[PDB]
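Written below as structure tokens is the structure these notes are about.
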Amino acid sequence: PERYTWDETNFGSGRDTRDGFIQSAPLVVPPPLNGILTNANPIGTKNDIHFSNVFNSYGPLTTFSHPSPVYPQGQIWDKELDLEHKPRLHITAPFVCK
Amino acid sequence: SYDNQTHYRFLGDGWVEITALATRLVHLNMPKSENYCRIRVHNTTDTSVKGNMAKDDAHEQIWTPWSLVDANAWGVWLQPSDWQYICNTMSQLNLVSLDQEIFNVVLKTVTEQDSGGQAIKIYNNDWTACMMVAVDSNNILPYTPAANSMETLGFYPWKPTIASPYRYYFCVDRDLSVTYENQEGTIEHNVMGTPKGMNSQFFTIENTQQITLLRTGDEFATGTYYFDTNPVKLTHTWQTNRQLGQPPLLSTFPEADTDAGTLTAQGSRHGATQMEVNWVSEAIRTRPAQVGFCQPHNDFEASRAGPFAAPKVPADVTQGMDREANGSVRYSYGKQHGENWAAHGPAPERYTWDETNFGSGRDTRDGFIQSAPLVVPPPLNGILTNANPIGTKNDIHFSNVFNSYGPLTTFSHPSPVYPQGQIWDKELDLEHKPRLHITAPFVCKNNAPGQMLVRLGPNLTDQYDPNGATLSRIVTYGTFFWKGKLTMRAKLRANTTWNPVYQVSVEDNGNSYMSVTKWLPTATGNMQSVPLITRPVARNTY
Amino acid sequence: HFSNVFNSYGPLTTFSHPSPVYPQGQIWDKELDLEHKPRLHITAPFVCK
Amino acid sequence: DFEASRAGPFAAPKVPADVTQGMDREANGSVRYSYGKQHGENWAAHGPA
Amino acid sequence: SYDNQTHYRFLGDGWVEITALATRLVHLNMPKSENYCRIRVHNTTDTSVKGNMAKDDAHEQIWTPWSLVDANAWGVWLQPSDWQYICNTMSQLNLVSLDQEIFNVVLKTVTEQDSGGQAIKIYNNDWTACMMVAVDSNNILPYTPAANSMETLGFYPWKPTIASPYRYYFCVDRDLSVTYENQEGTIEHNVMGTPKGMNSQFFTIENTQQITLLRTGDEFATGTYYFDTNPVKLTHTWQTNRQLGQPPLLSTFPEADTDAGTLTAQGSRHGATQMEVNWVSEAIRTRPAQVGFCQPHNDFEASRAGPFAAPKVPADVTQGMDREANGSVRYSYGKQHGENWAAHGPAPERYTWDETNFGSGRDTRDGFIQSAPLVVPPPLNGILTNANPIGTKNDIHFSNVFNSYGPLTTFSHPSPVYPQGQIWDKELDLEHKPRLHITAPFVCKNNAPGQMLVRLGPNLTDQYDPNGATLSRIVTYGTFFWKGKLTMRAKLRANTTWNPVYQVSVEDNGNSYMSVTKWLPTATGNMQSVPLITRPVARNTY
Amino acid sequence: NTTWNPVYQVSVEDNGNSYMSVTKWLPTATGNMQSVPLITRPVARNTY
Amino acid sequence: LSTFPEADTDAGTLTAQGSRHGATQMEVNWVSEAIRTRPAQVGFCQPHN
Amino acid sequence: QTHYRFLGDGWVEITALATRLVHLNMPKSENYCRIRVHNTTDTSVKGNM
């Protein structure tokens with residue numbers, strides 16, 4: 001079966017792990033070594049496992065764009081889950097019957 | 001008719017129609033760049049350093065020969081005293097409508113003559129000359145908050161002011177690698193980039209708005225935009241997950257005004273918790289929800305634009321003095337937007353505002369996390385604290401990477417700052433909006449107030465050739481008045497406590513933060529505008 | 001371990017409201033006077049809008 | 001997750017959910033109640049327990 | 001009220017009312033020649049050469065102290081982006097109406113004083129001064145397309161522009177003989193000539209139009225000319241005399257996606273041709289008509305006016321790259337009418353537009369002609385090709401003198417070019433009109449838009465004597481705005497194919513012809529206007 | 001249309017190695033063909 | 001902007017980070033694009049795999 | 001086919017018309033089946049899960 005990977009075009013909302021870092025305490029101009037964790041520091045005794053693979057930056061100020069559908073193959077609508085508290089959206093399809 | 005006051009129209013049930021009247025003289029010069037410029041900016045002087053990268057100022061804005069007129073700052077409408085009256089009496093506020101006007105347009109030209117004597121400059125107006133004004137009512141062009149750089153209008157009535165030239169951002173795709181102190185090796189690649197064909201957007205004031213020419217005896221007036229926003233409380237909370245509901249039952253009563261009372265045996269005490277322990281305590285007892293939350297400290301993320309500090313919801317600084325932990329903000333204004341006038345050097349005055357929504361802030365020092373079936377005295381490896389190094393880094397603890405946000409996570413909206421503080425703000429054209437904005441308290445649910453632009457009419461000379469490189473143009477500059485009307489709705493608070501509540505009062509000439517002399521002119525007429533407390537009266541969350 | 005500090009909450013994160021307990025269980029509950037309310041309360045199933 | 005503000009330390013509430021085969025109670029926010037006589041519990045039970 | 005936009009009003013059945021709004025500042029100086037001049041021009045510097053004669057610029061125009069204001073150029077109305085939107089969505093376009101306006105007339109005078117210091121120039125307006133405007137609504141005076149020399153108005157809104165002085169032709173009767181390279185002997189007679197009494201026509205703005213004086217606070221407005229023209233398709237054809245109707249019947253079907261199928265024995269195959277051969281083939285089979293035709297290459301004819309290049313109907317360049325064979329056009333604009341601003345030297349930028357009406361073009365290389373009762377393999381003297389010298393000349397073949405035009409000769413109307421390109425054009429007062437014009441796509445069936453003329457009022461000095469040779473006049477110059485309204489009708493194309501069609505898209509910063517950076521300002525604000533594809537979507541002729 | 005500079009359009013291209021090759025949506029000598037996903041949101045917007 | 005390019009090659013400059021107006025959430029006495037306050041958060045970091 | 005009906009203010013009523021021949025065979029299982037699926041062939045591996 002033929003395959004294809006669709007990369008969203010909502011630029012400015014994506015993220016590059018390489019450059020993603022985090023400083024510490026009262027911000028210092030040139031961060032020390034133990035005063036700034038980067039995507040090169042092993043977590044939980046694992047070399048390839050960095051903060052990126054476990055960090056969740058979601059929050060109140062976290063605003064984004066709804067995913068665009070794909071012409072062929074792409075799904076149109078989708079039923080909503082019978083859950084008391086619905087999810088902000090679905091990835092399976094762009095349109096969800098309220 | 002000039003007018004710069006504030007009228008309070010009282011209605012029934014305790015509702016007031018606050019009216020803001022702001023008039024101010026403006027000054028404008030010939031926009032140097034006769035054409036739109038797509039200038040780029042790269043501060044290699046700092047980005048090249050190993051430890052530096054948080055000082056990154058790389059991007060590529062587009063300069064327009066137009067100047068924006070933004071009055072989105074409380075410090076330009078209300079009067080110092082007025083803001084006081086409000087915060088001390090009101091209990092909530094909300095925007096109603098806006099209205100702007102322009103008039104008394106003066107256009108003069110300069111002629112540096114007297115070449116046979118010394119070097120004097122002669123002035124004289126020109127009627128035929130014309131100014132150009134337009135209003136992005138549909139909000140086509142990018143939004144540019146003047147307070148987003150402290151370039152609004154003067155906060156002092158009897159002192160004129162100038163407009164901040166209009167300039168917006170553009171797509172480029174910057175890139176920078178991570179490096180610390182000295183480290184070892186090179187900064188990999190600190191590339192800038194070129195414009196992409198999919199994200200290129202070059203607008204033009206001319207092909208977007210209906211410009212209007214205004215001569216000497218002309219004048220312009222806008223419509224009457226109606227605000228569709230949500231009101232903001234003018235009180236602060238304090239309660240925390242410890243003070244929520246039925247307090248523990250008392251079994252011991254104090255004998256004197258010194259000693260305290262006691263509770264019931266933790267083991268043999270009624271209640272309910274989420275732990276497997278067979279006892280009860282304030283620290284573990286169940287609560288209605290979560291008051292505030294833990295936010296990643298100094299979280300610098302990066303996209304195609306480059307690195308940036310992820311905004312964080314302002315909250316109480318807590319006893320821990322954790323400013324950069326609860327998102328407190330630090331401002332840098334100057335002269336017109338506050339700061340003393342007798343201050344020498346270009347050094348801009350600063351101030352860090354710590355939110356007063358107590359009970360929602362967090363202290364990292366005490367923040368900890370236990371493990372597995374909760375144990376009374378936690379072992380050593382059975383409890384992580386803000387003293388345990390993560391990812392081989394000593395100063396990097398769970399706090400600087402923990403995100404406690406969640407469903408039960410409820411909080412309070414940030415209160416605005418009197419001077420400098422921003423009023424409203426356009427909403428992002430994103431399918432899923434953010435619960436709020438920190439840039440300002442009020443966000444237009446629908447369309448927002450169209451931005452106002454201005455530009456002096458290009459006054460030409462006798463010698464003009466389009467094909468000719470760069471050619472002359474008679475020197476010119478202009479001034480005009482600006483009248484603004486801002487109506488708002490609010491309700492007076494009700495006195496229900498008993499014990500007098502905290503009021504925003506002033507104090508005799510002293511070292512006190514609230515010194516009258518701070519808002520009073522000097523022997524020469526200098527003065528400043530110090531930010532004022534918003535939400536002086538306590539509220540009650542539960 | 002990561003479990004004791006990982007927060008998987010997010011946009012796609014959908015769930016079900018907690019069911020009340022017959023005896024003892026609480027019925028309704030006042031809402032916090034906060035500008036931004038919490039998606040729900042655990043103290044009780046019903047919250048007066 | 002024990003956080004702390006000006007009030008002091010406290011257990012951050014967590015949305016109740018299925019305990020799962022893992023018997024993870026304090027992981028899915030299950031709740032433990034402590035009633036007495038009037039609010040349930042057998043009447044023939046001795047001690048304030 | 002200034003305005004320079006483009007509104008698309010959608011109606012029913014897929015028809016749109018496109019509205020063009022163009023406003024622009026203009027500049028005008030005192031017409032040096034206070035009176036009409038009948039100047040002559042003879043370039044003996046080149047006409048004297050043996051090989052030169054195609055550079056002949058001999059004639060005798062008449063200079064008028066008036067400046068024409070022509071906005072007959074798409075590049076001045078529509079915005080780059082807009083033209084795109086159109087070509088990609090529309091399927092045809094046509095002119096509707098025109099409307100013009102003038103206002104904010106500024107009149108200033110210069111006084112070069114400061115003779116006792118250095119040499120400074122002082123400026124100051126004058127109300128009493130007056131400008132003069134008139135409109136050749138009846139079209140008495142000769143027609144002068146400004147785009148017929150790229151002297152229209154600026155294509156950039158935020159950049160002012162000037163008018164091209166008015167000047168028309170006059171009868172003289174020039175003469176020049178034929179000569180090549182060096183040849184031998186003299187250029188016979190390269191005579192100019194004098195004015196004939198039967199073809200002498202000297203008009204005067206004053207005795208033809210009702211001039212109107214406009215001072216500082218005055219303003220003028222034209223009527224509302226309604227266009228009576230034929231719409232032009234916004235799609236290109238491809239089909240040729242080979243692809244017209246029922247394709248040959250297939251007898252063989254391919255086995256894989258590599259090999260092809262076959263037809264039926266040419267001899268034993270049904271159909272009909274105009275040859276006496278007892279077989280059939282695509283090349284000889286009869287067709288509904290003739291798609292395009294052969295045109296004489298570099299056909300220089302000559303009348304009493306002198307030699308000139310006989311215009312030829314633009315068509316597809318064909319694989320043969322035959323530009324000067326299918327009448328492709330080469331333009332030479334500058335700054336205002338396109339071209340990059342950062343280009344040094346007076347060197348004007350050029351561009352050759354190759355028509356996209358494929359199937360109508362011709363390739364000389366393959367063009368041949370057989371003889372008498374057609375023979376399968378043509379002999380040598382029984383078939384003339386584009387390799388046989390005619391009239392003792394090696395490079396001169398039948399192609400450069402063959403005219404394939406005829407009854408069955410059908411073709412497609414030339415598509416306009418976005419920037420530079422001309423819009424409409426007056427029709428020749430000839431009893432028998434030409435099937436079309438190449439200068440522009442739209443030709444007014446009836447009367448055409450009256451041309452607009454302007455002239456500064458002759459401001460005199462105290463010292464004036466009519467009988468006195470040449471006398472002074474206070475230095476003066478003026479500026480004014482010009483608003484234009486252009487409404488048009490068009491219908492949206494219909495998506496009927498299946499396979500996505502060709503769209504006029506842009507591309508990331510690359511070497512691609514469609515680079516975004518090409519229409520974007522520079523670090524200093526420079527930019528150009530590159531011609532754009534018209535008729536991006538394919539059509540279908542049969 | 002409010003920009004000025006032509007915006008990105010979903011166009012096709014002559015028979016080439018380009019992702020947007022017409023031959024990709026055209027039948028073969030035997031009638032075979034495919035359906036390649038297409039770009040959604042070719043025109044840029046503006047969030048703020 | 002305080003510096004304007006001379007040609008279509010070089011770029012312009014800004015104002016001294018230290019002596020430049022604005023507002024950030026850090027305790028540093030300067031300003032820069034990377035630290036300056038923003039209306040909200042555009043996108044976010046998500047746990048990988 | 002697909003019809004585009006244009007209205008005022010720039011709004012369009014896009015209509016989608018889809019017709020297609022379908023084929024169906026006798027459902028092998030004359031009754032509802034509660035079949036289970038376990039890929040022990042892969043779940044047994046150490047790295048696989």
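By order of appearance in the structure tokens: chains A, B, ..., then residues from 1 within every chain, and ligands from 1 in the order shown.
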Set the cut-off to 9 Å and count only C-alpha atoms: what are the residues of chain E that reach chain G? Output as a PDB file with C-alpha atoms, in the first residue's frame.
ATOM      1  CA  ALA E 342      17.962  49.518  -7.862  1.00  0.00           C
ATOM      2  CA  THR E 522      14.071  45.920  -0.501  1.00  0.00           C
ATOM      3  CA  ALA E 523      16.030  47.009   2.564  1.00  0.00           C
ATOM      4  CA  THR E 524      15.720  50.524   1.134  1.00  0.00           C
ATOM      5  CA  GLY E 525      12.294  50.111  -0.450  1.00  0.00           C
ATOM      6  CA  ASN E 526      13.046  49.278  -4.086  1.00  0.00           C
TER       7      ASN E 526
END
Inset, instruction - Identify all chain F residues at most 8 Å from chain E by counting only C-alpha atoms; ligands do not count. Present them as JSON, numbers by chain. - result: {"F": [1, 2, 3, 4, 5, 6, 7, 8, 9, 10, 11, 12, 13, 22, 25, 26, 28, 29, 30]}
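Those residues that approach segment 40-46 of chain C to within 8 Å, counting only C-alpha atoms, are residues 286, 287, 288, 289, 407 and 408 of chain B; 17, 18, 19, 20, 25, 26, 27, 28 and 29 of chain C; 15 and 16 of chain D; same-chain residues fewer than 3 positions away are not listed.
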Could you please take those selected residues and save C-alpha atoms as a tab-separated table (two decimals), in the first residue's frame?
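Below you can see selection31.tsv, which holds the result:
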chain	number	residue	atom	x	y	z
B	286	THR	CA	-10.26	16.89	49.22
B	287	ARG	CA	-10.99	20.32	47.74
B	288	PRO	CA	-13.55	21.67	45.20
B	289	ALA	CA	-10.82	22.28	42.62
B	407	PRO	CA	-9.36	20.41	34.35
B	408	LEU	CA	-9.69	21.32	38.03
C	17	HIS	CA	-17.72	13.56	34.73
C	18	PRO	CA	-17.44	11.76	38.12
C	19	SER	CA	-20.54	9.94	39.37
C	20	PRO	CA	-21.94	10.75	42.85
C	25	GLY	CA	-22.01	11.91	48.62
C	26	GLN	CA	-22.54	15.62	48.03
C	27	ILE	CA	-25.20	16.96	45.67
C	28	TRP	CA	-24.61	20.51	44.43
C	29	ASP	CA	-21.88	23.08	45.04
D	15	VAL	CA	-9.94	14.01	38.35
D	16	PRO	CA	-11.31	10.61	39.47
Using only C-alpha atoms, I'd like a table of the residues in chain H that come within 7 Å of chain E; for each, show the closest atom pair and its distance in Å rounded to one decimal, ordered by chain and ascending number, as CSV.
residue,atom,partner,partner_atom,distance
H:6,CA,E:12,CA,6.1
H:7,CA,E:12,CA,6.6
H:8,CA,E:10,CA,6.1
H:9,CA,E:10,CA,6.9
H:10,CA,E:10,CA,6.3
I need the residues from that last selection saved to file as a short mmCIF file (atom, residue, chain, number, x, y, z; two decimals), in the first residue's frame (with N, CA and C atoms), if you can.
data_model
loop_
_atom_site.label_atom_id
_atom_site.label_comp_id
_atom_site.auth_asym_id
_atom_site.auth_seq_id
_atom_site.Cartn_x
_atom_site.Cartn_y
_atom_site.Cartn_z
N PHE H 6 -23.49 30.92 -6.72
CA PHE H 6 -23.01 32.16 -6.11
C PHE H 6 -24.13 33.04 -5.58
N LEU H 7 -23.94 33.53 -4.36
CA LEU H 7 -24.91 34.40 -3.72
C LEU H 7 -24.29 35.77 -3.52
N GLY H 8 -24.91 36.59 -2.68
CA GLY H 8 -24.39 37.92 -2.44
C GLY H 8 -23.36 38.00 -1.33
N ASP H 9 -22.62 39.11 -1.30
CA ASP H 9 -21.59 39.35 -0.29
C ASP H 9 -20.42 38.37 -0.35
N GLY H 10 -20.39 37.54 -1.38
CA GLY H 10 -19.31 36.59 -1.52
C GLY H 10 -19.51 35.25 -0.85
#
Inset, instruction - Output as a list in words all residues of segment 353-463 of chain E that backbone DSSP marks as strand (DSSP E or B). - result: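 Matching residues, listed in order: residues 353, 355, 369, 370, 383, 384, 390, 393, 409, 410, 424, 425, 442, 443, 451, 452, 453, 454, 455 and 456 of chain E.
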Inset, instruction - Report the distance between atom CA of residue 510 of chain E and atom CA of residue 193 of chain B in Å, rounded to one decimal place. - result: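 Going from atom CA of residue 510 of chain E over to atom CA of residue 193 of chain B, I get 12.0 Å.
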Legend entry - Long-range neighbours of residue 26 of chain G as a PyMOL selection string, 8 Å cut-off, only C-alpha atoms, 5 positions minimum in chain: (chain A and resi 26-27) or (chain B and resi 323-324+328-330) or (chain G and resi 35)
Residues near residue 30 of chain D, anyone? I mean within 8 Å using only C-alpha atoms, not counting same-chain ones fewer than 3 positions away, as a compact mmCIF listing (two decimals) with C-alpha atoms, in the first residue's frame.
# COMPACT_ATOMS: atom_id res chain seq x y z
CA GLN B 274 -7.87 10.87 47.89
CA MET B 275 -5.13 9.00 49.76
CA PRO D 16 -11.31 10.61 39.47
CA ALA D 17 -11.06 7.80 36.94
CA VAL D 19 -8.41 2.33 38.91
CA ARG D 25 -5.84 4.29 43.44
CA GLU D 26 -3.78 7.35 44.37
CA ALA D 27 -3.00 7.49 40.66
Inset, instruction - Please determine the contact residues of chain A with respect to chain G at a cut-off of 10 Å, counting only C-alpha atoms, and supply them as a VMD selection string. - result: chain A and resid 10 to 17 20 26 to 29 49 to 65
Inset, instruction - Mind checking which residues fall within 9 Å of segment 44-46 of chain F, counting only C-alpha atoms, ignoring those fewer than 3 positions away in the same chain, and posting them as a VMD selection string? - result: (chain B and resid 140 to 142 198 to 201 428 to 429) or (chain F and resid 7 to 8 41)
Legend entry - Nearest candidate to residue 375 of chain B (options B:492, B:54, B:277, B:444; using only C-alpha atoms): B:277
Legend entry - Selected residue, from D:36, D:13, D:8, D:22, that lies nearest to residue 38 of chain C when counting only C-alpha atoms: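 Comparing D:36, D:13, D:8, D:22 against residue 38 of chain C, the winner is D:13.
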Inset, instruction - Work out how far atom CA of residue 497 of chain E is from atom CA of residue 73 of chain A, in Å to one decimal. - result: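 Interatomic distance, atom CA of residue 73 of chain A to atom CA of residue 497 of chain E: 20.6 Å.
Atom CA of residue 403 of chain B to atom CA of residue 24 of chain D spans 21.5 Å [interatomic distance, one decimal].
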Legend entry - Residue neighbourhood residue 13 of chain C, 9 Å, only C-alpha atoms, exclusion window fewer than 5 positions, as a VMD selection string: (chain A and resid 86 to 88) or (chain C and resid 8)
Inset, instruction - as a list in words, please: all residues of chain F that backbone DSSP puts in helix (DSSP H, G or I). - result: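 After running DSSP on the backbone, chain F has helix (DSSP H, G or I) at residues 22, 23, 24 and 25 of chain F.
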Legend entry - Residue hits in chain B, query chain D, radius 8 Å, only C-alpha atoms, as an MDAnalysis selection string: chainID B and resid 239:243 267:276 282:290 294 318:319 358:364 366:370 372:373 407:408
Legend entry - Interface list for chain B, partner chain A, 6 Å threshold, only C-alpha atoms, as a list in words: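 The answer, sorted by residue number, is residues 51, 52, 177, 178, 180, 181, 298, 299, 300, 301, 302, 303, 391, 393, 394, 395, 430, 431, 432, 433, 434 and 435 of chain B.
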Those same residues, written as a PDB file, in the first residue's frame with N, CA and C atoms?
ATOM      1  N   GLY B  51      26.869  31.950  25.743  1.00  0.00           N
ATOM      2  CA  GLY B  51      25.804  32.054  26.726  1.00  0.00           C
ATOM      3  C   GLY B  51      24.605  32.865  26.267  1.00  0.00           C
ATOM      4  N   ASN B  52      24.822  33.745  25.293  1.00  0.00           N
ATOM      5  CA  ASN B  52      23.754  34.590  24.769  1.00  0.00           C
ATOM      6  C   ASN B  52      22.912  33.921  23.690  1.00  0.00           C
ATOM      7  N   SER B 177      21.176  27.800  17.414  1.00  0.00           N
ATOM      8  CA  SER B 177      21.448  26.608  18.215  1.00  0.00           C
ATOM      9  C   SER B 177      21.633  26.942  19.697  1.00  0.00           C
ATOM     10  N   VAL B 178      21.628  25.910  20.537  1.00  0.00           N
ATOM     11  CA  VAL B 178      21.776  26.089  21.980  1.00  0.00           C
ATOM     12  C   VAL B 178      23.229  25.989  22.451  1.00  0.00           C
ATOM     13  N   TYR B 180      25.861  27.125  26.170  1.00  0.00           N
ATOM     14  CA  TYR B 180      25.942  27.678  27.523  1.00  0.00           C
ATOM     15  C   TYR B 180      27.319  28.236  27.873  1.00  0.00           C
ATOM     16  N   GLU B 181      27.326  29.301  28.672  1.00  0.00           N
ATOM     17  CA  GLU B 181      28.559  29.955  29.109  1.00  0.00           C
ATOM     18  C   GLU B 181      29.667  29.958  28.065  1.00  0.00           C
ATOM     19  N   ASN B 298      11.082  29.725  33.193  1.00  0.00           N
ATOM     20  CA  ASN B 298      11.934  30.118  32.076  1.00  0.00           C
ATOM     21  C   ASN B 298      11.864  29.104  30.937  1.00  0.00           C
ATOM     22  N   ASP B 299      10.649  28.851  30.461  1.00  0.00           N
ATOM     23  CA  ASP B 299      10.426  27.906  29.373  1.00  0.00           C
ATOM     24  C   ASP B 299      10.634  28.563  28.015  1.00  0.00           C
ATOM     25  N   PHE B 300      11.804  28.339  27.429  1.00  0.00           N
ATOM     26  CA  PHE B 300      12.119  28.905  26.129  1.00  0.00           C
ATOM     27  C   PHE B 300      11.925  27.875  25.029  1.00  0.00           C
ATOM     28  N   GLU B 301      10.883  28.071  24.231  1.00  0.00           N
ATOM     29  CA  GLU B 301      10.576  27.170  23.132  1.00  0.00           C
ATOM     30  C   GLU B 301      11.048  27.820  21.841  1.00  0.00           C
ATOM     31  N   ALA B 302      10.974  27.084  20.738  1.00  0.00           N
ATOM     32  CA  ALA B 302      11.413  27.628  19.462  1.00  0.00           C
ATOM     33  C   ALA B 302      10.708  27.000  18.270  1.00  0.00           C
ATOM     34  N   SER B 303      10.368  27.844  17.301  1.00  0.00           N
ATOM     35  CA  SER B 303       9.705  27.410  16.078  1.00  0.00           C
ATOM     36  C   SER B 303      10.528  27.941  14.907  1.00  0.00           C
ATOM     37  N   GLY B 391      18.194  15.634  35.168  1.00  0.00           N
ATOM     38  CA  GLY B 391      18.968  15.607  33.939  1.00  0.00           C
ATOM     39  C   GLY B 391      20.398  16.079  34.113  1.00  0.00           C
ATOM     40  N   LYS B 393      21.663  18.198  36.038  1.00  0.00           N
ATOM     41  CA  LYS B 393      21.831  19.621  36.322  1.00  0.00           C
ATOM     42  C   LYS B 393      21.432  19.934  37.763  1.00  0.00           C
ATOM     43  N   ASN B 394      22.317  20.635  38.467  1.00  0.00           N
ATOM     44  CA  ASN B 394      22.116  20.990  39.871  1.00  0.00           C
ATOM     45  C   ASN B 394      21.002  21.998  40.157  1.00  0.00           C
ATOM     46  N   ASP B 395      20.948  23.070  39.373  1.00  0.00           N
ATOM     47  CA  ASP B 395      19.943  24.114  39.565  1.00  0.00           C
ATOM     48  C   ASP B 395      18.607  23.837  38.877  1.00  0.00           C
ATOM     49  N   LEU B 430      -7.381  32.497  15.252  1.00  0.00           N
ATOM     50  CA  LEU B 430      -7.148  31.069  15.390  1.00  0.00           C
ATOM     51  C   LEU B 430      -8.444  30.336  15.700  1.00  0.00           C
ATOM     52  N   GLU B 431      -8.605  29.173  15.082  1.00  0.00           N
ATOM     53  CA  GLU B 431      -9.793  28.351  15.262  1.00  0.00           C
ATOM     54  C   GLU B 431     -10.115  28.161  16.744  1.00  0.00           C
ATOM     55  N   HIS B 432      -9.090  27.870  17.541  1.00  0.00           N
ATOM     56  CA  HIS B 432      -9.262  27.669  18.976  1.00  0.00           C
ATOM     57  C   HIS B 432      -8.531  28.750  19.757  1.00  0.00           C
ATOM     58  N   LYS B 433      -9.302  29.686  20.297  1.00  0.00           N
ATOM     59  CA  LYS B 433      -8.766  30.812  21.053  1.00  0.00           C
ATOM     60  C   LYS B 433      -8.193  30.424  22.415  1.00  0.00           C
ATOM     61  N   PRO B 434      -7.342  31.294  22.986  1.00  0.00           N
ATOM     62  CA  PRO B 434      -6.717  31.072  24.292  1.00  0.00           C
ATOM     63  C   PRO B 434      -7.663  31.601  25.369  1.00  0.00           C
ATOM     64  N   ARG B 435      -7.705  30.935  26.520  1.00  0.00           N
ATOM     65  CA  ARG B 435      -8.595  31.353  27.599  1.00  0.00           C
ATOM     66  C   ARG B 435      -8.505  32.833  27.961  1.00  0.00           C
TER      67      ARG B 435
END
Legend entry - Pick from B:278, B:409, B:472, B:371 nearest to chain E, counting only C-alpha atoms: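 Answer, going by the shortest atom-to-atom distance: B:472.
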Legend entry - Which residue of B:397, B:121, B:24, B:143 approaches residue 47 of chain F most closely, using only C-alpha atoms: B:143
